[PDB]
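One file, data_11.txt, is given below (compact mmCIF, C-alpha atoms).
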```txt
# COMPACT_ATOMS: atom_id res chain seq x y z
CA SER A 1 86.28 104.15 78.41
CA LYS A 2 82.49 103.64 78.32
CA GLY A 3 82.35 101.11 81.19
CA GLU A 4 80.57 103.49 83.61
CA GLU A 5 77.50 103.41 81.34
CA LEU A 6 76.94 99.78 82.36
CA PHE A 7 76.17 100.92 85.93
CA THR A 8 73.53 103.59 85.33
CA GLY A 9 70.77 101.17 86.37
CA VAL A 10 70.43 98.27 88.81
CA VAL A 11 72.80 95.39 88.03
CA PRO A 12 72.46 91.79 89.31
CA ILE A 13 75.46 90.48 91.22
CA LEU A 14 76.86 86.98 91.67
CA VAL A 15 79.65 86.27 94.18
CA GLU A 16 81.41 82.93 94.42
CA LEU A 17 84.14 82.22 96.94
CA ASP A 18 86.23 79.10 97.53
CA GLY A 19 88.13 79.25 100.80
CA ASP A 20 90.76 77.23 102.67
CA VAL A 21 91.85 78.54 106.08
CA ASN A 22 94.31 76.33 108.01
CA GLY A 23 92.94 73.40 105.99
CA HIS A 24 89.33 74.25 106.84
CA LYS A 25 87.72 74.41 103.40
CA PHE A 26 84.48 76.22 102.61
CA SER A 27 82.48 77.81 99.81
CA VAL A 28 80.23 80.88 99.79
CA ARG A 29 77.73 81.95 97.16
CA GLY A 30 76.07 85.36 97.19
CA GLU A 31 73.47 87.00 95.05
CA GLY A 32 71.82 90.41 94.92
CA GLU A 33 72.04 93.66 93.05
CA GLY A 34 74.13 96.81 92.90
CA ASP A 35 72.90 100.38 92.34
CA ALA A 36 76.00 102.53 91.72
CA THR A 37 73.86 105.63 91.18
CA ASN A 38 73.23 105.43 94.92
CA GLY A 39 76.37 103.47 95.84
CA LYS A 40 74.17 100.70 97.22
CA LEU A 41 74.77 96.95 97.40
CA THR A 42 72.19 94.50 98.71
CA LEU A 43 73.34 90.89 98.88
CA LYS A 44 72.63 87.63 100.67
CA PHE A 45 75.51 85.16 101.12
CA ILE A 46 75.17 81.42 101.90
CA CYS A 47 77.92 79.07 103.11
CA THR A 48 77.10 76.29 100.69
CA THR A 49 79.46 73.82 102.47
CA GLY A 50 77.61 74.05 105.77
CA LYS A 51 79.23 75.89 108.67
CA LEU A 52 81.45 78.86 107.90
CA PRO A 53 84.73 78.23 109.80
CA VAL A 54 85.59 81.95 110.08
CA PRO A 55 83.42 84.88 111.17
CA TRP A 56 81.28 86.42 108.46
CA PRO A 57 82.63 89.95 109.18
CA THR A 58 86.15 88.84 108.26
CA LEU A 59 84.91 88.08 104.73
CA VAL A 60 83.05 91.37 104.03
CA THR A 61 85.92 93.15 102.26
CA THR A 62 86.63 90.05 100.15
CA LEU A 63 83.03 89.39 99.13
CA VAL A 64 82.68 94.90 94.05
CA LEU A 65 83.96 98.50 94.26
CA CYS A 66 82.66 99.21 90.73
CA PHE A 67 79.36 99.97 92.51
CA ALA A 68 80.77 102.93 94.44
CA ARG A 69 79.00 106.23 93.85
CA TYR A 70 81.51 108.61 92.27
CA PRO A 71 80.22 112.23 92.38
CA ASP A 72 80.02 113.90 88.96
CA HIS A 73 83.14 115.96 89.58
CA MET A 74 85.09 112.74 90.29
CA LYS A 75 83.88 110.47 87.47
CA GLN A 76 87.33 110.61 85.86
CA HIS A 77 88.90 108.88 88.90
CA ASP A 78 86.67 105.77 88.80
CA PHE A 79 89.18 103.09 87.83
CA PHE A 80 86.76 100.27 88.68
CA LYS A 81 84.05 101.07 86.15
CA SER A 82 86.61 102.11 83.52
CA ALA A 83 87.91 98.54 83.35
CA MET A 84 84.46 97.12 82.59
CA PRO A 85 83.11 94.91 81.15
CA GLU A 86 86.45 93.07 80.85
CA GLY A 87 87.02 93.61 84.53
CA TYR A 88 89.90 93.72 86.90
CA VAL A 89 91.80 91.39 89.14
CA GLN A 90 91.62 92.29 92.83
CA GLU A 91 94.27 90.80 95.11
CA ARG A 92 94.64 91.28 98.84
CA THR A 93 96.70 90.25 101.78
CA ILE A 94 94.70 90.65 105.00
CA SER A 95 96.94 90.31 108.04
CA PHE A 96 95.15 89.70 111.31
CA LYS A 97 97.33 91.13 114.08
CA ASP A 98 98.75 88.41 116.35
CA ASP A 99 97.03 85.81 114.16
CA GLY A 100 97.02 84.45 110.61
CA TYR A 101 96.60 86.08 107.22
CA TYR A 102 94.26 85.78 104.22
CA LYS A 103 95.55 85.88 100.67
CA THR A 104 92.81 86.54 98.14
CA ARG A 105 92.65 86.73 94.36
CA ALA A 106 89.40 87.77 92.69
CA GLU A 107 88.15 88.51 89.19
CA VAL A 108 85.46 91.20 89.02
CA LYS A 109 83.91 91.31 85.56
CA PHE A 110 80.65 91.06 83.66
CA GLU A 111 79.41 87.62 82.63
CA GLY A 112 76.36 88.29 80.52
CA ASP A 113 74.19 90.85 82.29
CA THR A 114 75.62 89.97 85.72
CA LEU A 115 78.53 91.54 87.58
CA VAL A 116 80.45 88.51 88.93
CA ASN A 117 83.02 88.51 91.73
CA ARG A 118 84.84 85.16 91.73
CA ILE A 119 87.34 84.71 94.56
CA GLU A 120 90.01 82.26 95.70
CA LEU A 121 90.92 82.67 99.38
CA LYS A 122 93.73 80.93 101.28
CA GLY A 123 94.18 81.48 105.02
CA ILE A 124 97.48 80.56 106.66
CA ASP A 125 98.97 80.52 110.18
CA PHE A 126 95.79 81.12 112.13
CA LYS A 127 95.42 80.18 115.78
CA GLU A 128 92.73 77.55 116.21
CA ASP A 129 91.59 79.21 119.45
CA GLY A 130 92.06 82.77 118.17
CA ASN A 131 89.45 85.39 117.41
CA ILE A 132 89.02 84.10 113.84
CA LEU A 133 88.94 80.29 113.97
CA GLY A 134 87.43 80.67 117.48
CA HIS A 135 84.44 82.79 116.31
CA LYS A 136 85.05 85.57 118.87
CA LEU A 137 84.10 88.55 116.67
CA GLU A 138 80.84 90.48 116.90
CA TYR A 139 78.45 90.30 113.94
CA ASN A 140 78.82 93.89 112.72
CA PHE A 141 81.14 96.00 110.56
CA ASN A 142 82.27 99.53 111.38
CA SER A 143 82.32 102.39 108.86
CA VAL A 144 85.64 103.07 107.17
CA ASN A 145 87.35 105.46 104.75
CA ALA A 146 89.80 103.56 102.53
CA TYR A 147 92.29 105.59 100.51
CA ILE A 148 93.05 104.80 96.87
CA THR A 149 96.30 105.66 95.07
CA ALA A 150 97.23 105.07 91.47
CA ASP A 151 99.78 102.37 90.57
CA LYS A 152 101.01 103.52 87.18
CA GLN A 153 103.84 100.94 87.02
CA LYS A 154 101.04 98.32 87.01
CA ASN A 155 98.31 100.23 85.09
CA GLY A 156 96.05 99.96 88.12
CA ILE A 157 95.31 101.12 91.64
CA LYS A 158 96.41 100.12 95.11
CA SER A 159 95.04 100.68 98.61
CA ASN A 160 95.90 99.83 102.17
CA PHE A 161 93.54 100.31 105.10
CA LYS A 162 92.82 99.00 108.56
CA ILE A 163 89.64 97.12 109.43
CA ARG A 164 88.91 96.99 113.14
CA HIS A 165 86.68 94.07 114.12
CA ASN A 166 84.96 94.30 117.50
CA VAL A 167 85.77 91.30 119.75
CA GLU A 168 83.14 89.87 122.07
CA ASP A 169 85.27 90.79 125.11
CA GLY A 170 85.34 94.48 124.15
CA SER A 171 88.78 94.36 122.55
CA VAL A 172 89.46 95.05 118.87
CA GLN A 173 90.96 92.73 116.26
CA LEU A 174 92.99 94.55 113.60
CA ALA A 175 92.83 93.31 110.00
CA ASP A 176 95.49 95.12 107.99
CA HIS A 177 94.48 95.16 104.31
CA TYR A 178 96.90 95.51 101.39
CA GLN A 179 95.17 95.60 98.05
CA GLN A 180 96.10 95.67 94.37
CA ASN A 181 93.86 96.00 91.33
CA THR A 182 94.92 95.65 87.69
CA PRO A 183 92.73 95.43 84.60
CA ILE A 184 92.00 92.24 82.71
CA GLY A 185 91.64 93.70 79.23
CA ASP A 186 94.01 95.93 77.30
CA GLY A 187 91.61 98.83 76.79
CA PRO A 188 91.98 102.26 78.36
CA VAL A 189 91.62 102.63 82.12
CA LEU A 190 91.35 105.69 84.36
CA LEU A 191 94.30 106.13 86.71
CA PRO A 192 92.85 108.28 89.49
CA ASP A 193 94.32 110.97 91.62
CA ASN A 194 94.55 110.22 95.33
CA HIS A 195 91.11 109.92 96.97
CA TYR A 196 89.16 107.53 99.20
CA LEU A 197 86.04 105.34 99.31
CA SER A 198 83.68 105.91 102.27
CA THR A 199 81.90 102.67 103.21
CA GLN A 200 79.14 101.73 105.64
CA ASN A 201 77.72 98.25 106.22
CA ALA A 202 74.68 96.74 107.89
CA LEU A 203 74.77 92.99 108.55
CA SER A 204 71.65 91.01 109.34
CA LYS A 205 69.99 87.59 109.18
CA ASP A 206 67.14 86.20 107.08
CA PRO A 207 64.57 84.75 109.53
CA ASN A 208 63.46 81.98 107.14
CA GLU A 209 67.01 80.85 106.30
CA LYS A 210 68.42 77.79 108.10
CA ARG A 211 71.80 77.76 106.34
CA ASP A 212 74.79 79.73 107.66
CA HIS A 213 74.36 83.06 105.87
CA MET A 214 74.87 86.83 105.93
CA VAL A 215 72.44 89.46 104.69
CA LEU A 216 74.46 92.54 103.77
CA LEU A 217 73.55 96.13 102.94
CA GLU A 218 76.55 98.28 101.95
CA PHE A 219 77.04 101.87 100.75
CA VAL A 220 80.26 103.00 99.03
CA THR A 221 80.78 106.67 98.04
CA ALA A 222 83.94 108.24 96.61
CA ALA A 223 85.29 111.43 98.18
CA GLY A 224 88.52 113.31 98.83
CA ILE A 225 88.72 115.47 95.68
CA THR A 226 87.91 119.20 95.98
CA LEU A 227 84.90 121.14 94.59
CA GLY A 228 81.64 119.68 93.25
CA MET A 229 78.08 121.08 92.94
CA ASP A 230 77.68 123.20 96.07
```

With the file now loaded, output its structure as structure tokens.
Amino acid sequence: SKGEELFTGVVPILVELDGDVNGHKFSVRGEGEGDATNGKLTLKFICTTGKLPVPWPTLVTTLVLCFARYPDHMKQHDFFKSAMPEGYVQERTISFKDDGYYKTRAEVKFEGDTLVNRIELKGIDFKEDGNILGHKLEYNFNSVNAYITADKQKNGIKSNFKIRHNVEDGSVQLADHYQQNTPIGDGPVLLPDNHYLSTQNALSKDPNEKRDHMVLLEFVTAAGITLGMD
């Protein structure tokens, strides 16, 4: 596959999300750019339907792993870029412990010059006074290593990892993530060996923005495979 050659520069990004959590409907639109050479994403997200009915941090994982920085000695394990430009489907179940769950289905693929992440999210069985629908989570996002394994019986990859959201009262809300990715096209894809993505996030606000929004800076770097340019 040649897909990785589409990410050697800076690539504009468009993210569109339609959400429905316990019948609370919402939409989010994000725009920015990705720089896979550095593993860097810079995006600004707007709730275009007004008030976001869930905390912005609970949407970070849902709102483009093709922008991870794979070190040279690991380029053969980069499933995400290998599927491009046709893209992949990314599906998750995110189970909030002692609370509801998200089910997400996204298509990550190039539309023209732009990498687009288009997502359908349904949230079910949440508590209306819980940490999610109650907006009890701090506006931040801790750093995380998320392990990838190949899924040969689906021609894709899978991953499960735990996101720990800080609660305003000092407790921690667990979001257990189960993820599946499978290509859209029929071309060749890279099935990686076991490894992980190391991710850091900085969440902020745009002073001149009145809408409900999230400014996001994110770094994603692949690791977990031995040797590589001492």

Item to complete: Would you mind reading off the distance between CA of residue 85 in chain A and CA of residue 17 in chain A, one decimal, in Å?
Response: 20.3 Å

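These residues, each with an atom at most 6 Å from (93.4, 97.4, 107.2) using all atoms listed in the file, are residues 161, 162, 163, 175, 176 and 177 of chain A.
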
Worksheet item: Do you know which residues lie at most 9 Å from (95.8, 100.5, 90.5), with coordinates as in the file and only C-alpha atoms counted, and could you write them as a ChimeraX atom specification?
Response: /A:79,148-159,180-183,191-192

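The neighbours of residue 131 in chain A here are the residues that come within 12 Å of it, using only C-alpha atoms and leaving out any residue fewer than 3 positions away in the same chain; they are residues 53, 54, 55, 57, 58, 96, 97, 98, 99, 100, 126, 127, 128, 134, 135, 136, 137, 138, 165, 166, 167, 168, 169, 171, 172, 173, 174 and 175 of chain A.
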
Keeping only C-alpha atoms, write the selected residues as a CSV table (one decimal), in the coordinates of the input.
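Wrote out-v9.csv, looks like this:
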```
chain,number,residue,atom,x,y,z
A,53,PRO,CA,84.7,78.2,109.8
A,54,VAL,CA,85.6,82.0,110.1
A,55,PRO,CA,83.4,84.9,111.2
A,57,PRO,CA,82.6,90.0,109.2
A,58,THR,CA,86.2,88.8,108.3
A,96,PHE,CA,95.2,89.7,111.3
A,97,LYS,CA,97.3,91.1,114.1
A,98,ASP,CA,98.8,88.4,116.4
A,99,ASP,CA,97.0,85.8,114.2
A,100,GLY,CA,97.0,84.4,110.6
A,126,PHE,CA,95.8,81.1,112.1
A,127,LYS,CA,95.4,80.2,115.8
A,128,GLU,CA,92.7,77.6,116.2
A,134,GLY,CA,87.4,80.7,117.5
A,135,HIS,CA,84.4,82.8,116.3
A,136,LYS,CA,85.0,85.6,118.9
A,137,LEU,CA,84.1,88.6,116.7
A,138,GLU,CA,80.8,90.5,116.9
A,165,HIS,CA,86.7,94.1,114.1
A,166,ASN,CA,85.0,94.3,117.5
A,167,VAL,CA,85.8,91.3,119.8
A,168,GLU,CA,83.1,89.9,122.1
A,169,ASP,CA,85.3,90.8,125.1
A,171,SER,CA,88.8,94.4,122.6
A,172,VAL,CA,89.5,95.0,118.9
A,173,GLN,CA,91.0,92.7,116.3
A,174,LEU,CA,93.0,94.6,113.6
A,175,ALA,CA,92.8,93.3,110.0
```

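Taking CA of residue 67 in chain A as the reference point, CA of residue 21 in chain A is found at 28.3 Å.
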
Write out as a short mmCIF file (atom, residue, chain, number, x, y, z; two decimals) with C-alpha atoms, keeping the file's coordinate frame the residues lying within 7 Å of residue 84 in chain A, counting all atoms listed in the file and excluding same-chain residues fewer than 3 positions away.
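Result file part-v6.cif:
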```
data_model
loop_
_atom_site.label_atom_id
_atom_site.label_comp_id
_atom_site.auth_asym_id
_atom_site.auth_seq_id
_atom_site.Cartn_x
_atom_site.Cartn_y
_atom_site.Cartn_z
CA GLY A 3 82.35 101.11 81.19
CA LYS A 81 84.05 101.07 86.15
CA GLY A 87 87.02 93.61 84.53
CA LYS A 109 83.91 91.31 85.56
#
```

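Here CA of residue 142 in chain A is placed at a distance of 19.0 Å from CA of residue 179 in chain A.
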
Fill in: Best match for closeness to residue 35 in chain A among A:219, A:76, A:83, A:178, counting all atoms listed in the file
A:219

Worksheet item: Which residue, A:82, A:226, A:104, A:48, has the smallest gap to residue 61 in chain A when you use all atoms listed in the file?
Response: A:104

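If all atoms listed in the file are the atoms counted, then among A:203, A:89, A:63, A:13 the closest residue to residue 141 in chain A is A:203.
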
Discussion item. Nearest residue to residue 80 in chain A out of A:227, A:124, A:15, A:190, using only C-alpha atoms?
Written reply: A:190

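Considering only C-alpha atoms, the residue among A:4, A:113, A:120, A:33 positioned nearest to residue 16 in chain A is A:120.
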
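Nearest to residue 229 in chain A of all the residues A:25, A:122, A:2, A:73 is A:73, counting all atoms listed in the file.
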